[PDB]
Number of protein chains: 4
Amino acid sequence: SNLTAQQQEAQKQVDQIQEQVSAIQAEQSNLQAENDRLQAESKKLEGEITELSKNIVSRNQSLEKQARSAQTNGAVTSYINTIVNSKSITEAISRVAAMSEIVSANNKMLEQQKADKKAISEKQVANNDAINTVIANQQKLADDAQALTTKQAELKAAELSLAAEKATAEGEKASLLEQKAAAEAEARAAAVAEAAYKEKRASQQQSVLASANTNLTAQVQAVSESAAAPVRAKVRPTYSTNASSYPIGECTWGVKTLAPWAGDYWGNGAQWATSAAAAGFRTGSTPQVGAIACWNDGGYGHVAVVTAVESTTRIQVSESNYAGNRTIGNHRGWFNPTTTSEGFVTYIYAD
Amino acid sequence: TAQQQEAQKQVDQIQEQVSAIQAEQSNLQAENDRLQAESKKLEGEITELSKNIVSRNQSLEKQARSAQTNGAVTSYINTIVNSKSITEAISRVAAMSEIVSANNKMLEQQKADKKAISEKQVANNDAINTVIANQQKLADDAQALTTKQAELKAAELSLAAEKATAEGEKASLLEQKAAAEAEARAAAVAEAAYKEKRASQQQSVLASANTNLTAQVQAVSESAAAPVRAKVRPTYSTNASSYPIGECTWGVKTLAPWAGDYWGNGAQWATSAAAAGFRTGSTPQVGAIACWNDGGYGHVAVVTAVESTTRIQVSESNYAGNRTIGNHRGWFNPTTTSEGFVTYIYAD
Amino acid sequence: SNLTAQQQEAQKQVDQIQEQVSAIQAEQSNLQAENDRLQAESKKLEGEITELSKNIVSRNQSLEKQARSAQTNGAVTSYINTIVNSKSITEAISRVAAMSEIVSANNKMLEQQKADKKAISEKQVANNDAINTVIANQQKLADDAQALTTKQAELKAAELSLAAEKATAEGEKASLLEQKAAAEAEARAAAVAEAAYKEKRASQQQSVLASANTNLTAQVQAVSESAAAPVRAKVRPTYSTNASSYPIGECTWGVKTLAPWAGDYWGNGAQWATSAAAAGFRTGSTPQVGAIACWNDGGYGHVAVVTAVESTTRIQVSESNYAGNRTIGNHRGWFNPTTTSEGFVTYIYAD
Amino acid sequence: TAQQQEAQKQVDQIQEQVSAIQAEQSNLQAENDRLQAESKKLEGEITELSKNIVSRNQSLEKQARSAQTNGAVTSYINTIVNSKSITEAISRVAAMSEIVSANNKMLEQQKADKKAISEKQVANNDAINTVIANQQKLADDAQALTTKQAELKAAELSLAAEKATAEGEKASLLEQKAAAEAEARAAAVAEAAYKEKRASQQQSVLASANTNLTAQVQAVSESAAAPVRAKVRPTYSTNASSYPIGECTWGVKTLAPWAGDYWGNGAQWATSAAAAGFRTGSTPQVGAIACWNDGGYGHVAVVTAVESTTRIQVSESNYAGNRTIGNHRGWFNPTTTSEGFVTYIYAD
Ligand SMILES: [Cl-]
Ligand SMILES: [Cl-]
Ligand SMILES: [Cl-]
Ligand SMILES: [Cl-]
Ligand SMILES: [Cl-]
Ligand SMILES: [Cl-]
Ligand SMILES: [Cl-]
Ligand SMILES: [Cl-]
Ligand SMILES: [Cl-]
Ligand SMILES: [Cl-]
Ligand SMILES: [Cl-]
Ligand SMILES: [Cl-]
Ligand SMILES: [Cl-]
Ligand SMILES: [Cl-]
Ligand SMILES: [Cl-]
Ligand SMILES: [Cl-]
Ligand SMILES: [Mg+2]
Ligand SMILES: [Mg+2]
């Protein structure tokens, strides 16, 4: 080699910084590649979780209908007597043998339900861990991009410093020493930027963690305390506390009795949601316990108060004047409120 | 004579009652027909006013709010000072009077519609009530008419006996009178049974009013079944360590600790919640987890206020770059956002 | 017996008519009982048909996703190479053994799908036959009620005729012979009513069968030929046939190119449904081929033209300016239009 | 001198071009800001007018139609002749003028709103178009500015050489000029590549316009998949012998022979159709089978005309006791009937 001692020192600074630069770039490619495959694992797990979810919900309903039919009490006693309905001279019995198959099919169903609940649970943790890793990697990538900008600026200046030590000229040493001073100033700018980045990142996270010091009630309190605070309910009218405005036994009289917050002159049940909306009440398509269910059939319609909710297509209700019975109470048990002869259902909420 | 007048008096008294019932039947039936028509017309007008009132309310809240949004009003005061620059014929301040005139005209029409619907509601309600009372009166009259017409029959035969002839015939229609009087007693016993039934049925109805919602809801859970799908629920962690700091999932888990621990990207929370046994739906409720699915990562938040399906407030984390938990948007429409299809997960 | 010859003749008429009366009443109870149990069989079959239907639809989607993943072509070649990725010194392989289980699970799925399609088919015919029998019985019950009214009126008169032949009195024979003449007149009235019933029933059915002499086109023609005929589309404006009102490459320009019946000044894609509705176009939530899909995100939104539809949550579309690509064409393949970053989807229909 | 003026001229010419670009950048950016604001305001007003126009159209069709329903107008002519009976101060004919005045006022406001939305649409559309054109011009200017500023640099160094001193220095900044001119050439080649790319991209976009819907739909079916779910469909009977005469099912089967043969009560038709591979949905289309489910027997019909989701006509059998096939209701709302939840089954 024709290398000097001073030139080797400059070469060492270039090789050290280049090593750091390549190390950052290698990790960037490493993390970006890991994220790509983890995002793919997640997508696949997500599709499988969706598949299991609908099956679990569907199978639960089937298992609850099959339980109800197998545990109705009043009709089940006859199903136990059907097995006993065979002893002496009845030709050929295949009722008891067929009873084993429906129980075998039943036991097979809950075992598959148990397996699906196990599988979705396992797929959830793996998916969640994959998603968490990807976010941590993305944060590491953001940190590396700032570090790379700094180290590449340092490398530039170091390479110019090496170019000065090699220079076989008085004219040129001076030229690239001006360029080195310029490059070193740029490297300082990059470092100060990275310092501000770390400074900002740290305080931002502390500000995020500080906001966790709260709860829902305080959060809901802040809405009503603000200017944009629910004041649409202020313009409502004070209604009567009794049902004297509705005739005895009617569905309207019944709902007014159970839900005294309803209006006094809201007419036929069919029009209650229409009048309630005008009065400032919130309406919607999903049942809530305590909400007034309003069915519109283009005629008189019907109203009731929701007493229990399992889904949008499965509720219980307390009502008056259903199928000729004018007493207030539970007339139907569980039923689907979207598929009745009273028509389009809409719910009126208290708040 | 004299005895014949007494018989004639009984016929005329009962005939008077019979005609009175028939007159009232025609009276009530005619009143019901026109009241049912008045109701139908009022119903159509109430529907017309209702949609206008709701629509106009939304319009009135989109207006005024945009011209009185805290932060934005200072610019509206500067607009008059900026339009005052002499270049060169100014009609910006004069045109500002027209939008305020149009605004004031809108709330005055809203106030008139709320007044009109209120008046139409009471008239309609009274009309409906009157019709039902009349129908009950008509049912009572039909039973009374059957009785009085049977009494009239016997009374007319009694008069026919006093006019005599005499045969041969007195004895004949006195047997018919005794038969008619027995029929009249049968009609009376039938009307008594009718009143007996009507009275006890109404008492049974009035007895059922002695209740309230809580007792009603209690009877459902006390019955064989009875919501028992929530019994199989799981114990989730009480902290948000399973979700990364600043993410929307971490924020919702912080505000709604009843949510799951490994429910992944916000988009899939409703899907996992439904599998876990939670109830989901399309209408916002305060305290519900709003889950938006965009076919990607999606988003989650907790509903803090609800005015309608298309107007809510929420508290969330990581919205538009801001990773702190809080209110980021104010009032907004959750169905029309870049995070996609909204679904709500309810606590119970 | 102290029975006369004439009295026996009267007694015979009573016994013959009573036999007919009891025969009708016996059949009424017979048919009413059969209908009750057939209505119950139907209800049970209906619930089972609903159960099978949702499973068949759900399982079809799963089988088509599992087929797609197992028949993607470009990624499947790697799945065939994974089995070949084992020969000499690889420790323990359970990738080929696990491949048998997913195929076993796949083959088990289509066999259960085939069994469910077989079961629903069988349950459909049994249910349909049960429903048909119940309607035929109801028609027979309507016929019997008319016949019963007639025969009971005949019985009344016959019993009075017997009461006249027994009568041991000059005073009473004459009385119940007047009652018999009255009863016979009532019996004639009942017969004439039953004749009118049969007369009406026969001609009504012929009038119903006559109305079947038609088809949809004639039916749709009669609507437009009537006074209540679609004339809301008359007030529309004639739009330009080119997309010069929209800038090159935009989504609006693309939709206008493929659907020239769209408007010229409808602005950002998000507002197209809003302007279309004002212009008199019909809008809705379900995709149709040739409909303009309008997504509203509270911003600029997006528009496209629907090119294929499998369900509400699965369509294909041709569009312009998707994910940076400004050419008109198919960018996404099959996708769910309700779950995208462009927001709330609404469809604008040509008619 | 003289040579220095030539150098000064080159600096002043290029500086003029540089300032012209920068002036236009500020000009276009300012115009876009105010046009984006005009658009936002117009958008809100278009939304306001749209809902009013749709709402008012429904109101106008519920009105007039009720006062001009064939069969019902003869009674409206008799109402003036019946209110003319002298009993005793008549204000029924005078009040009839007010509802017609209110009606005529409604269509005049509808006509004004259709005029206003049309005008607002063109102004908004032109505003949006201008903004996009400006954004493209801004992208072009940024590339041109980079080039002209590089040319200016070299020209200023050329002027600095002619002023000289002279050293020692002429030679120094002539080397810098040669370096600057090389940089200016690099900027020009970059702008050329930009124009090269921009031009070919637009040609590729314009090329894709050479198509139509049919070719587009053809490419879907020609691709790997391609709707092939309809391939597995079944051959049903061509007559309605499987359904009893006069029933709603028999009627729909007669009009829509593509329906199934053993689909039972009308209520379950959508359920069986979905299992059979047919597409279902919540929006009416002409020729679709409407299936109403009331938790009981339900009802079916064939859609013959559609105005909206809440306004259709249908042809059906066995409606309100009438078992003939035909139009029984005219225009009606299929979501608000006593037959329950409506769902439509589509042919394809
Ligand atoms: Cl909390
Ligand atoms: Cl009812
Ligand atoms: Cl009762
Ligand atoms: Cl009860
Ligand atoms: Cl934490
Ligand atoms: Cl974490
Ligand atoms: Cl963490
Ligand atoms: Cl959406
Ligand atoms: Cl046809
Ligand atoms: Cl896009
Ligand atoms: Cl492009
Ligand atoms: Cl493409
Ligand atoms: Cl036939
Ligand atoms: Cl048949
Ligand atoms: Cl037949
Ligand atoms: Cl409904
Ligand atoms: Mg905040
Ligand atoms: Mg007809």
# chains A, B, ... in the order shown; residues from 1 in each chain; ligands from 1
>>> residues_near_ligand(ligand="ligand 14", cutoff="12 Å", atoms="only C-alpha atoms and all ligand atoms", output="list in words")
residues 128, 129, 130, 131, 132, 133, 134, 135, 136 and 137 of chain C; 239, 240, 241, 242, 243, 244, 245, 246, 247, 249, 250, 261, 262 and 264 of chain D
>>> write_last_selection(atoms="N, CA and C atoms", output="PDB file, in the first residue's frame")
ATOM      1  N   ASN C 128     -94.643 -28.684   0.910  1.00  0.00           N
ATOM      2  CA  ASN C 128     -95.524 -28.182  -0.140  1.00  0.00           C
ATOM      3  C   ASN C 128     -96.798 -29.013  -0.256  1.00  0.00           C
ATOM      4  N   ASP C 129     -96.656 -30.336  -0.202  1.00  0.00           N
ATOM      5  CA  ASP C 129     -97.816 -31.238  -0.227  1.00  0.00           C
ATOM      6  C   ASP C 129     -98.716 -31.030   0.997  1.00  0.00           C
ATOM      7  N   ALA C 130     -98.099 -30.832   2.160  1.00  0.00           N
ATOM      8  CA  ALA C 130     -98.849 -30.575   3.393  1.00  0.00           C
ATOM      9  C   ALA C 130     -99.655 -29.277   3.292  1.00  0.00           C
ATOM     10  N   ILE C 131     -99.015 -28.225   2.788  1.00  0.00           N
ATOM     11  CA  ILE C 131     -99.672 -26.932   2.580  1.00  0.00           C
ATOM     12  C   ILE C 131    -100.827 -27.049   1.576  1.00  0.00           C
ATOM     13  N   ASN C 132    -100.603 -27.783   0.491  1.00  0.00           N
ATOM     14  CA  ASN C 132    -101.638 -28.006  -0.523  1.00  0.00           C
ATOM     15  C   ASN C 132    -102.847 -28.765   0.028  1.00  0.00           C
ATOM     16  N   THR C 133    -102.590 -29.819   0.797  1.00  0.00           N
ATOM     17  CA  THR C 133    -103.667 -30.586   1.429  1.00  0.00           C
ATOM     18  C   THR C 133    -104.516 -29.712   2.358  1.00  0.00           C
ATOM     19  N   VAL C 134    -103.856 -28.863   3.141  1.00  0.00           N
ATOM     20  CA  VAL C 134    -104.551 -27.986   4.088  1.00  0.00           C
ATOM     21  C   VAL C 134    -105.493 -27.019   3.370  1.00  0.00           C
ATOM     22  N   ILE C 135    -105.063 -26.483   2.232  1.00  0.00           N
ATOM     23  CA  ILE C 135    -105.901 -25.570   1.449  1.00  0.00           C
ATOM     24  C   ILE C 135    -107.105 -26.302   0.850  1.00  0.00           C
ATOM     25  N   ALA C 136    -106.885 -27.509   0.334  1.00  0.00           N
ATOM     26  CA  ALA C 136    -107.976 -28.333  -0.199  1.00  0.00           C
ATOM     27  C   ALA C 136    -109.002 -28.674   0.882  1.00  0.00           C
ATOM     28  N   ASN C 137    -108.517 -29.007   2.076  1.00  0.00           N
ATOM     29  CA  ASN C 137    -109.394 -29.272   3.214  1.00  0.00           C
ATOM     30  C   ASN C 137    -110.199 -28.043   3.627  1.00  0.00           C
TER      31      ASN C 137
ATOM     32  N   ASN D 239     -95.058 -24.764 -15.472  1.00  0.00           N
ATOM     33  CA  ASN D 239     -96.437 -24.456 -15.080  1.00  0.00           C
ATOM     34  C   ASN D 239     -96.578 -24.352 -13.559  1.00  0.00           C
ATOM     35  N   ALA D 240     -97.759 -23.941 -13.104  1.00  0.00           N
ATOM     36  CA  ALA D 240     -98.011 -23.699 -11.683  1.00  0.00           C
ATOM     37  C   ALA D 240     -98.901 -24.769 -11.048  1.00  0.00           C
ATOM     38  N   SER D 241     -98.811 -26.005 -11.539  1.00  0.00           N
ATOM     39  CA  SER D 241     -99.658 -27.096 -11.039  1.00  0.00           C
ATOM     40  C   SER D 241     -99.285 -27.535  -9.620  1.00  0.00           C
ATOM     41  N   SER D 242     -98.062 -27.217  -9.193  1.00  0.00           N
ATOM     42  CA  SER D 242     -97.610 -27.517  -7.834  1.00  0.00           C
ATOM     43  C   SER D 242     -98.204 -26.573  -6.780  1.00  0.00           C
ATOM     44  N   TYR D 243     -98.800 -25.464  -7.220  1.00  0.00           N
ATOM     45  CA  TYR D 243     -99.448 -24.512  -6.319  1.00  0.00           C
ATOM     46  C   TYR D 243    -100.960 -24.462  -6.579  1.00  0.00           C
ATOM     47  N   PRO D 244    -101.776 -24.318  -5.516  1.00  0.00           N
ATOM     48  CA  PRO D 244    -103.231 -24.344  -5.685  1.00  0.00           C
ATOM     49  C   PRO D 244    -103.782 -23.112  -6.403  1.00  0.00           C
ATOM     50  N   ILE D 245    -104.874 -23.293  -7.145  1.00  0.00           N
ATOM     51  CA  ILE D 245    -105.457 -22.214  -7.949  1.00  0.00           C
ATOM     52  C   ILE D 245    -105.862 -21.050  -7.053  1.00  0.00           C
ATOM     53  N   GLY D 246    -105.553 -19.840  -7.500  1.00  0.00           N
ATOM     54  CA  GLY D 246    -105.925 -18.625  -6.787  1.00  0.00           C
ATOM     55  C   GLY D 246    -104.959 -18.128  -5.726  1.00  0.00           C
ATOM     56  N   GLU D 247    -104.068 -18.985  -5.233  1.00  0.00           N
ATOM     57  CA  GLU D 247    -103.110 -18.582  -4.206  1.00  0.00           C
ATOM     58  C   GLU D 247    -102.086 -17.611  -4.786  1.00  0.00           C
ATOM     59  N   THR D 249     -98.877 -17.778  -4.479  1.00  0.00           N
ATOM     60  CA  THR D 249     -97.766 -18.561  -5.009  1.00  0.00           C
ATOM     61  C   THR D 249     -98.052 -19.024  -6.437  1.00  0.00           C
ATOM     62  N   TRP D 250     -99.272 -19.502  -6.655  1.00  0.00           N
ATOM     63  CA  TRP D 250     -99.744 -19.891  -7.984  1.00  0.00           C
ATOM     64  C   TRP D 250     -99.685 -18.719  -8.969  1.00  0.00           C
ATOM     65  N   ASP D 261     -90.757 -24.842  -7.645  1.00  0.00           N
ATOM     66  CA  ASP D 261     -92.017 -25.588  -7.661  1.00  0.00           C
ATOM     67  C   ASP D 261     -92.535 -25.971  -6.280  1.00  0.00           C
ATOM     68  N   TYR D 262     -91.638 -26.132  -5.312  1.00  0.00           N
ATOM     69  CA  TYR D 262     -92.023 -26.617  -3.986  1.00  0.00           C
ATOM     70  C   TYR D 262     -91.593 -25.661  -2.875  1.00  0.00           C
ATOM     71  N   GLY D 264     -93.357 -23.602  -1.063  1.00  0.00           N
ATOM     72  CA  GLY D 264     -94.255 -23.495   0.087  1.00  0.00           C
ATOM     73  C   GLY D 264     -94.942 -22.151   0.219  1.00  0.00           C
TER      74      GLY D 264
END
>>> interface_residues(of="chain D", to="chain A", cutoff="12 Å", atoms="only C-alpha atoms", output="list in words")
residues 172, 267, 268, 291, 292, 293, 294, 295, 296, 297, 298, 299, 310, 332, 333, 334, 335, 336, 337, 338, 339, 340, 341, 342 and 343 of chain D
>>> write_last_selection(atoms="N, CA, C and O atoms", output="JSON list (two decimals), in the first residue's frame")
[["chain", "number", "residue", "atom", "x", "y", "z"],
["D", 172, "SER", "N", -11.63, 31.48, -11.87],
["D", 172, "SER", "CA", -12.30, 30.73, -10.81],
["D", 172, "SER", "C", -13.80, 30.58, -11.05],
["D", 172, "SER", "O", -14.32, 29.46, -11.06],
["D", 267, "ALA", "N", -94.09, -16.55, 2.45],
["D", 267, "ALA", "CA", -93.13, -16.07, 3.45],
["D", 267, "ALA", "C", -91.74, -16.70, 3.32],
["D", 267, "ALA", "O", -90.74, -16.04, 3.60],
["D", 268, "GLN", "N", -91.68, -17.96, 2.90],
["D", 268, "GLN", "CA", -90.42, -18.71, 2.86],
["D", 268, "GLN", "C", -89.73, -18.74, 1.49],
["D", 268, "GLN", "O", -88.70, -19.40, 1.33],
["D", 291, "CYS", "N", -91.10, -10.92, -1.77],
["D", 291, "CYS", "CA", -91.45, -11.92, -0.76],
["D", 291, "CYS", "C", -91.62, -11.24, 0.60],
["D", 291, "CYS", "O", -90.66, -10.74, 1.17],
["D", 292, "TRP", "N", -92.86, -11.22, 1.10],
["D", 292, "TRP", "CA", -93.18, -10.64, 2.41],
["D", 292, "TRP", "C", -93.28, -11.74, 3.46],
["D", 292, "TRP", "O", -94.02, -12.70, 3.27],
["D", 293, "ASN", "N", -92.57, -11.58, 4.58],
["D", 293, "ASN", "CA", -92.61, -12.53, 5.69],
["D", 293, "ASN", "C", -93.18, -11.90, 6.96],
["D", 293, "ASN", "O", -92.62, -10.94, 7.49],
["D", 294, "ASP", "N", -94.30, -12.44, 7.44],
["D", 294, "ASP", "CA", -94.98, -11.92, 8.63],
["D", 294, "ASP", "C", -94.92, -12.90, 9.81],
["D", 294, "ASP", "O", -95.71, -12.79, 10.75],
["D", 295, "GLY", "N", -93.99, -13.85, 9.75],
["D", 295, "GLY", "CA", -93.93, -14.92, 10.74],
["D", 295, "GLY", "C", -95.05, -15.93, 10.59],
["D", 295, "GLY", "O", -95.22, -16.80, 11.44],
["D", 296, "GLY", "N", -95.80, -15.83, 9.50],
["D", 296, "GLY", "CA", -96.93, -16.71, 9.23],
["D", 296, "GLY", "C", -96.87, -17.19, 7.80],
["D", 296, "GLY", "O", -95.82, -17.66, 7.35],
["D", 297, "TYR", "N", -97.97, -17.07, 7.07],
["D", 297, "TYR", "CA", -98.04, -17.53, 5.69],
["D", 297, "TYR", "C", -97.34, -16.56, 4.74],
["D", 297, "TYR", "O", -96.75, -16.96, 3.75],
["D", 298, "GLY", "N", -97.40, -15.27, 5.07],
["D", 298, "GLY", "CA", -96.76, -14.24, 4.27],
["D", 298, "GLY", "C", -97.46, -14.03, 2.94],
["D", 298, "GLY", "O", -98.67, -14.23, 2.83],
["D", 299, "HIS", "N", -96.69, -13.62, 1.94],
["D", 299, "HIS", "CA", -97.24, -13.26, 0.64],
["D", 299, "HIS", "C", -96.13, -13.12, -0.40],
["D", 299, "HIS", "O", -94.99, -12.80, -0.05],
["D", 310, "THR", "N", -89.59, 2.69, -1.37],
["D", 310, "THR", "CA", -90.85, 2.82, -0.64],
["D", 310, "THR", "C", -92.06, 3.09, -1.54],
["D", 310, "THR", "O", -93.10, 3.53, -1.06],
["D", 332, "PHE", "N", -97.87, 1.67, -4.02],
["D", 332, "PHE", "CA", -97.89, 1.46, -2.58],
["D", 332, "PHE", "C", -96.49, 1.27, -2.01],
["D", 332, "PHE", "O", -95.53, 1.03, -2.75],
["D", 333, "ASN", "N", -96.40, 1.37, -0.69],
["D", 333, "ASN", "CA", -95.14, 1.18, 0.03],
["D", 333, "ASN", "C", -95.04, -0.26, 0.52],
["D", 333, "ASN", "O", -95.79, -0.66, 1.41],
["D", 334, "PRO", "N", -94.11, -1.04, -0.05],
["D", 334, "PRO", "CA", -94.03, -2.46, 0.29],
["D", 334, "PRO", "C", -93.38, -2.75, 1.65],
["D", 334, "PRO", "O", -93.45, -3.89, 2.12],
["D", 335, "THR", "N", -92.75, -1.75, 2.26],
["D", 335, "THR", "CA", -92.15, -1.92, 3.58],
["D", 335, "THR", "C", -93.17, -1.73, 4.71],
["D", 335, "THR", "O", -92.94, -2.20, 5.82],
["D", 336, "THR", "N", -94.28, -1.06, 4.42],
["D", 336, "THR", "CA", -95.30, -0.78, 5.43],
["D", 336, "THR", "C", -96.63, -1.43, 5.07],
["D", 336, "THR", "O", -97.60, -0.75, 4.75],
["D", 337, "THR", "N", -96.65, -2.76, 5.12],
["D", 337, "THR", "CA", -97.86, -3.54, 4.85],
["D", 337, "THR", "C", -98.07, -4.55, 5.96],
["D", 337, "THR", "O", -97.16, -4.81, 6.75],
["D", 338, "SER", "N", -99.25, -5.14, 6.00],
["D", 338, "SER", "CA", -99.57, -6.15, 7.01],
["D", 338, "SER", "C", -98.96, -7.53, 6.71],
["D", 338, "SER", "O", -99.12, -8.45, 7.51],
["D", 339, "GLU", "N", -98.27, -7.67, 5.58],
["D", 339, "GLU", "CA", -97.61, -8.94, 5.23],
["D", 339, "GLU", "C", -96.16, -9.02, 5.73],
["D", 339, "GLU", "O", -95.53, -10.06, 5.61],
["D", 340, "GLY", "N", -95.64, -7.92, 6.28],
["D", 340, "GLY", "CA", -94.38, -7.95, 7.02],
["D", 340, "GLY", "C", -93.14, -7.53, 6.26],
["D", 340, "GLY", "O", -93.18, -6.62, 5.44],
["D", 341, "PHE", "N", -92.03, -8.20, 6.56],
["D", 341, "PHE", "CA", -90.72, -7.86, 6.03],
["D", 341, "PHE", "C", -90.60, -8.26, 4.56],
["D", 341, "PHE", "O", -90.71, -9.44, 4.22],
["D", 342, "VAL", "N", -90.36, -7.28, 3.69],
["D", 342, "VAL", "CA", -90.20, -7.54, 2.26],
["D", 342, "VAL", "C", -88.74, -7.82, 1.87],
["D", 342, "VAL", "O", -87.82, -7.17, 2.36],
["D", 343, "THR", "N", -88.57, -8.79, 0.98],
["D", 343, "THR", "CA", -87.28, -9.13, 0.39],
["D", 343, "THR", "C", -87.54, -9.47, -1.07],
["D", 343, "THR", "O", -88.56, -10.08, -1.39]]
>>> residues_near_ligand(ligand="ligand 1", cutoff="9 Å", atoms="only C-alpha atoms and all ligand atoms", output="ChimeraX atom specification")
/A:214-218 /B:253-258
>>> write_last_selection(atoms="N, CA, C and O atoms", output="short mmCIF file (atom, residue, chain, number, x, y, z; two decimals), in the first residue's frame")
data_model
loop_
_atom_site.label_atom_id
_atom_site.label_comp_id
_atom_site.auth_asym_id
_atom_site.auth_seq_id
_atom_site.Cartn_x
_atom_site.Cartn_y
_atom_site.Cartn_z
N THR A 214 -58.14 8.50 32.88
CA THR A 214 -59.53 8.93 32.70
C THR A 214 -60.46 7.72 32.71
O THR A 214 -60.02 6.59 32.91
N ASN A 215 -61.75 7.98 32.50
CA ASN A 215 -62.74 6.92 32.37
C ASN A 215 -63.93 7.42 31.56
O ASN A 215 -64.00 8.60 31.22
N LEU A 216 -64.87 6.53 31.26
CA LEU A 216 -66.01 6.87 30.41
C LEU A 216 -66.86 8.01 30.99
O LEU A 216 -67.17 8.97 30.28
N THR A 217 -67.22 7.91 32.27
CA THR A 217 -68.06 8.92 32.92
C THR A 217 -67.49 10.33 32.81
O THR A 217 -68.22 11.27 32.51
N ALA A 218 -66.18 10.46 33.04
CA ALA A 218 -65.51 11.75 32.91
C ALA A 218 -65.53 12.21 31.46
O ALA A 218 -65.67 13.40 31.17
N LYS B 253 -59.95 0.01 24.83
CA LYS B 253 -59.76 -0.91 25.95
C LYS B 253 -59.61 -0.16 27.27
O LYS B 253 -60.06 -0.62 28.31
N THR B 254 -58.98 1.01 27.21
CA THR B 254 -58.82 1.87 28.38
C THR B 254 -60.17 2.41 28.88
O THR B 254 -60.43 2.40 30.08
N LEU B 255 -61.01 2.87 27.96
CA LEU B 255 -62.32 3.44 28.31
C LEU B 255 -63.38 2.36 28.53
O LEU B 255 -64.29 2.55 29.33
N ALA B 256 -63.26 1.25 27.80
CA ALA B 256 -64.21 0.14 27.90
C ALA B 256 -63.45 -1.14 28.24
O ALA B 256 -63.18 -1.96 27.36
N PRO B 257 -63.10 -1.32 29.53
CA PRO B 257 -62.29 -2.48 29.94
C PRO B 257 -63.01 -3.82 29.78
O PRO B 257 -62.36 -4.86 29.80
N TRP B 258 -64.33 -3.78 29.62
CA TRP B 258 -65.13 -4.97 29.33
C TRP B 258 -64.88 -5.57 27.94
O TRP B 258 -65.32 -6.69 27.66
#
>>> residues_around(residues="residue 10 in chain C", least_positions_apart="6", cutoff="10 Å", atoms="only C-alpha atoms", output="PyMOL selection string")
chain C and resi 4+158-166
>>> residues_near_ligand(ligand="ligand 18", cutoff="10 Å", atoms="only C-alpha atoms and all ligand atoms", output="list in words")
residues 207, 208 and 211 of chain C; 315, 316, 317, 318, 319, 322, 323, 324, 325, 326, 327, 328 and 329 of chain D
>>> interface_residues(of="chain C", to="chain A", cutoff="12 Å", atoms="only C-alpha atoms", output="PyMOL selection string")
chain C and resi 44+47-48+50-52+54-55+58-59+61-63+65-66+69
>>> write_last_selection(atoms="C-alpha atoms", output="compact mmCIF listing (two decimals), in the first residue's frame")
# COMPACT_ATOMS: atom_id res chain seq x y z
CA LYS C 44 -91.57 -27.70 11.86
CA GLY C 47 -87.92 -24.09 10.60
CA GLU C 48 -85.76 -26.94 9.31
CA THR C 50 -84.63 -22.18 7.13
CA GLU C 51 -81.87 -23.94 9.10
CA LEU C 52 -80.66 -25.87 6.04
CA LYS C 54 -78.54 -20.60 5.78
CA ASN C 55 -76.11 -23.51 6.21
CA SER C 58 -72.83 -20.19 4.24
CA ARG C 59 -71.14 -23.48 3.33
CA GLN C 61 -69.23 -19.34 0.36
CA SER C 62 -66.73 -21.26 2.51
CA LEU C 63 -66.36 -23.91 -0.24
CA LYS C 65 -63.17 -19.42 -0.71
CA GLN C 66 -61.49 -22.77 0.03
CA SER C 69 -57.24 -20.59 -2.06
>>> interface_residues(of="chain D", to="chain B", cutoff="10 Å", atoms="only C-alpha atoms", output="number ranges by chain")
D: 44, 48, 51-52, 55-56, 58-59, 62-63
>>> residues_near_ligand(ligand="ligand 2", cutoff="9 Å", atoms="only C-alpha atoms and all ligand atoms", output="short mmCIF file (atom, residue, chain, number, x, y, z; two decimals) with C-alpha atoms, in the first residue's frame")
data_model
loop_
_atom_site.label_atom_id
_atom_site.label_comp_id
_atom_site.auth_asym_id
_atom_site.auth_seq_id
_atom_site.Cartn_x
_atom_site.Cartn_y
_atom_site.Cartn_z
CA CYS A 251 -101.99 -0.78 22.96
CA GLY A 301 -100.33 -0.39 13.64
CA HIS A 302 -99.23 -1.29 17.15
CA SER A 320 -101.71 -4.38 25.57
CA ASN A 321 -104.39 -5.47 23.07
CA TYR A 322 -102.58 -8.27 21.24
CA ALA A 323 -104.71 -10.87 19.44
CA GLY A 324 -107.84 -9.71 21.32
CA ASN A 325 -106.30 -9.67 24.82
CA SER A 341 -98.42 -8.70 10.74
CA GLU A 342 -98.11 -5.22 12.31
#
